[PDB]
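Number of protein chains: 2
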Amino acid sequence: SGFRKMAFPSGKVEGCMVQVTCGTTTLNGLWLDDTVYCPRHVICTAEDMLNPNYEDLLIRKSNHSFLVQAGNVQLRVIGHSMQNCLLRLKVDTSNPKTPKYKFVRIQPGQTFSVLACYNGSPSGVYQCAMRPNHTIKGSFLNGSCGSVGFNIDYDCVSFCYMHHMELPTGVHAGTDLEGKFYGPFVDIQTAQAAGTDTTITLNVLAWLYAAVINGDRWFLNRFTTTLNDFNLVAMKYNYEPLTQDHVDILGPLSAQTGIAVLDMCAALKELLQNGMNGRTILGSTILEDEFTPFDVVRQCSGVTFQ
Amino acid sequence: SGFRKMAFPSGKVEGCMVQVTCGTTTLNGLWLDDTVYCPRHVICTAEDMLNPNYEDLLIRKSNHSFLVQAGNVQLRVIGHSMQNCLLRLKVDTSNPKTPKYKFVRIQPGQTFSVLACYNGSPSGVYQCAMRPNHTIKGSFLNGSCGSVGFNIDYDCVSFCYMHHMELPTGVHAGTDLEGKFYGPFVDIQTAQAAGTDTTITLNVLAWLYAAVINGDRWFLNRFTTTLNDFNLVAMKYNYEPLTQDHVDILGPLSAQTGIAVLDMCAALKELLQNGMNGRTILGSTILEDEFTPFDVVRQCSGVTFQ
Ligand SMILES: *C(=O)[C@H](Cc1cnc[nH]1)NC[C@@H]1C[C@H]2CCCC[C@@H]2CN1C(=O)c1ccc(-c2ccccc2)cc1
Ligand SMILES: *C(=O)[C@H](Cc1cnc[nH]1)NC[C@@H]1C[C@H]2CCCC[C@@H]2CN1C(=O)c1ccc(-c2ccccc2)cc1
């Protein structure tokens, strides 16, 4: 029993974290095999960035313009190339701790674990959702660039996020590991703001289901709703509209609990309309939206408490 | 910027997690050097436990009564002894991934990271406080026994918790790694309840300070308080009394922000008395009490935002 935001165990990622220096800028990179990945802005000086041309900035560098260090070993760069907003540095040593892995572009609402790193040294791990506005509410200080976000299935690490910058609201932006930003952001130090965000309706519902699997039914009701009537209520409260595809994804949770999705939808609508009345769900006073249906199934018991 | 409950990177602990089987009971153990630690209740059958005598149960076992497996290697037990509520199994192989480490008995209010494990295989990591009632609000299912709680300083892992059982309220109990329970609990399947808990006042204050370091001052006020007047208010709201020692511990946070402890105390008292008025602190609607002063300093910037 219990329900906690839970990260994946970070050791397989820890063994891939290096330090990458270009000039007087130091930041993280991810060492897989004989490649190191890192933000391409490592090659900028506080001046260049206001308006950088990365093609023109990079052609000015050589292999020995970059220093890569793993623990206290120095790795020698023998190649380099740009891929969207990342650099790929080829190194003379293949990482012997490289895990089975792949790169994935994660979708909005999905969650992942972040290994916060400084100077190539892992410092902490927490769990994050990709917000609908393509930002993450992370915890990051200067030097955290190139820290990665990942999920682990079996022995395989699916990397999905590399940190590049903080936005003026204090939220974070970055790329997949093909160097494509999440959201309409760019790696320039300019005026750049997060667009308006929405609550992740599907996650709210998944978490309602966790609460029933864990033994709590107080917020249920005798009513049902159409998908469409649910959505008029959703827009009023700034929730993402619910789609038939989201309804489908809730099938397994619906089945474990015997509560119809749309019956849970009506529960949610009553909650949005009336409040929680001083009560909690799973220890929370607020409706929680950063646990996916997958996260609820992974964490919760397969047997419902009653 | 940001503020997240953040766990320590779990890799150094992952490399110590094994599976320990006695009879038909399987649960975790912690492999350091040539010893495996685990809950001594692994030797019980659902029957024995209702009223076990562990001395009498253990003398009935041999070394080959226990099976220890690390990944897919079988480790051979060559010795065993009881230490309070743990077994120490001596094994024929010393863990080559043993980190620098020690064992610590953590104090109430203090926090640590838990590596949730099943069948010797790490599944997740989250952060926990030791509640004042000596329970943890964990997330654990059957088979999680022998999962450990730890902190990491430099390269050294301070283990402080091994999981033994779940209580009827859904909270968790366990031991330090000398096998002494935290709290008045025992490893018997009997009626056993968590005593009344209190909010960890010191943590509340530390988190108020995080919010100011991060740039938010809205809940401050022009008032001050005596320690003693603060405490009459504290008892009314079920907060732990604040002591001069707690006041001292807040010194560094007080100094970084220029807000006197007792001025923060008066801020807190007004918050308890009036509520948060629909507002949030650090994204929370509620007063948060599972970040220590140390946790705030570790995570927050050393330069206050204004
Ligand atoms: C990376 O470590 C940080 C991440 C962060 C900070 N706080 C929270 N998260 N971001 C780097 C930050 C923003 C990016 C955006 C894209 C262009 C580069 C710019 C770099 N940057 C800086 O603040 C920065 C300022 C100045 C310098 C610098 C370089 C040479 C000489 C003097 C200064 C480098 C980076
Ligand atoms: C350990 O894995 C779980 C931890 C847990 C479960 N949910 C959340 N956290 N606790 C084991 C649980 C409680 C302890 C208390 C101390 C005495 C032993 C008892 C073991 N236990 C059981 O539920 C349990 C029941 C039955 C058996 C069993 C043994 C042999 C044959 C049939 C059954 C073993 C453990």
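If you read the protein sequences in the order shown, they are chains A and B.
So the first sequence is numbered by the UniProt record's numbering: it starts at 3241 and just counts up by one.
So the second sequence is numbered by the UniProt record's numbering: it starts at 3241 and just counts up by one.
Note that beta-carbon positions come from the ideal geometry of N, C-alpha and C, so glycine has one too.
- At a cut-off of 8 Å between beta carbons, A/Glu3295 makes no contact with chain B.
- Below the 8 Å Cβ cutoff, chain A contributes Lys3245, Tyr3366 as neighbours of B/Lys3245, in chain order.
- Listed in chain order, the alpha helix (DSSP H) elements of length 4 or more contained wholly in the segment 3466-3496 of chain B are 3467-3476, 3484-3489.
- If you check each beta-carbon in the segment 3525-3545 of chain B against every beta-carbon of chain A, the ones closer than 7 Å belong to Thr3525, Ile3526, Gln3539, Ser3541.
- Within the same chain, Cβ atoms closer than 6 Å to the Cβ of A/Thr3409 are found at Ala3434, the five residues on either side in sequence being excluded.
- With respect to the C-alpha of A/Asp3273, the residue from A/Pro3336, A/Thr3464, A/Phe3545, A/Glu3287 having the closest C-alpha is A/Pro3336.
- Between ligand 1 and B/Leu3417, a heavy atom-to-CB distance of less than 7 Å is absent.
- With fewer than 16 other CB atoms across the displayed protein chains lying within 10 angstroms of its CB, A/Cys3396 is exposed.
- In this structure, B/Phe3421 has its CB at a distance of at least 7 Å from all heavy atoms of ligand 2.
- Listed along the chain, the chain A residues whose CB falls inside 7 Å of the CB of B/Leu3355 are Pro3249.
- In the three-state DSSP reduction, B/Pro3533 falls in the helix class (H, G or I).
- With respect to chain B, the C-beta atom of A/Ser3398 has no partner C-beta closer than 8 Å.
- A/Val3452 sits in a helix when the DSSP states are folded into three classes.
- A direct Cα-Cα distance of roughly 17 Å separates A/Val3388 from A/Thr3261.
- Judged by DSSP in its simplified three-state form, A/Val3282 adopts helix.
- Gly3255: these are the residues of the segment 3255-3280 of chain B whose beta carbon lies less than 8 Å from some beta carbon of chain A, given in chain order.
- Counting every other CB atom within 10 Å of its CB across the protein chains shown gives B/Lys3340 a total below 16, marking it as exposed.
- For the segment 3349-3373 of chain A, the full-length beta strand (DSSP E) segments reaching 3 residues or more read 3351-3358, 3361-3369 along the chain.
- Here the C-alpha atom of B/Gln3347 lies approximately 31 Å from the C-alpha atom of B/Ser3334.
- Along the segment 3368-3395 of chain A, going in chain order, the ones with a CB nearer than 7 Å to a CB of chain B are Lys3377, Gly3378, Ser3379, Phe3380, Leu3381.
- With its beta carbon less than 8 Å from one in chain B, A/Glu3406 belongs to the interface.
- From the beta-carbon of B/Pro3362, the residues of chain A found nearer than 7 Å are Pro3249.
- Distance from the CA of B/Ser3384 to the CA of B/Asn3268, rounded to the nearest whole angstrom, comes to 7 Å.
- Following the DSSP letters along the chain, one finds B/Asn3268 inside the beta strand (DSSP E) bounded by residues 3265-3272.
- If you compare the alpha carbons of B/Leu3270, B/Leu3490, B/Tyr3422 with that of B/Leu3315, the shortest gap goes to B/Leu3270.
- In this structure, A/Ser3363 is the residue among A/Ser3363, A/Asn3478, A/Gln3546, A/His3412 with its C-alpha nearest to the C-alpha of B/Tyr3394.
- Within the segment 3311-3344 of chain A, no residue has a Cβ lying closer than 8 Å to any Cβ of chain B.
- Below the 9 Å Cβ cutoff, chain A contributes no neighbours of B/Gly3414, its closest Cβ being approximately 13 Å away.
- Taken atom to atom, the span from the alpha-carbon of A/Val3365 to that of B/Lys3252 is near 14 Å.
- In terms of side-chain proximity, the C-beta atom of A/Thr3375 is found no nearer than 7 Å to any non-hydrogen atom of ligand 1.
- Judged by their CB atoms, A/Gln3367 and A/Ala3247 are nearer to each other than the 8 Å cut-off.
- Annotation: the continuous beta strand (DSSP E) that includes B/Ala3310 extends over 3306-3310.
- At least one heavy atom of ligand 1 sits closer than 7 Å to the Cβ of A/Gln3429.
- In this structure, A/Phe3352 is the residue among A/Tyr3277, A/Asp3296, A/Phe3352 with its C-alpha nearest to the C-alpha of A/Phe3531.
- Residue contact with chain B for A/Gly3410: present (Cβ-Cβ distance below 8 Å to some residue of chain B).
- Annotation for A/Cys3400 indicates a beta carbon at 7 Å or more from all heavy atoms of ligand 1.
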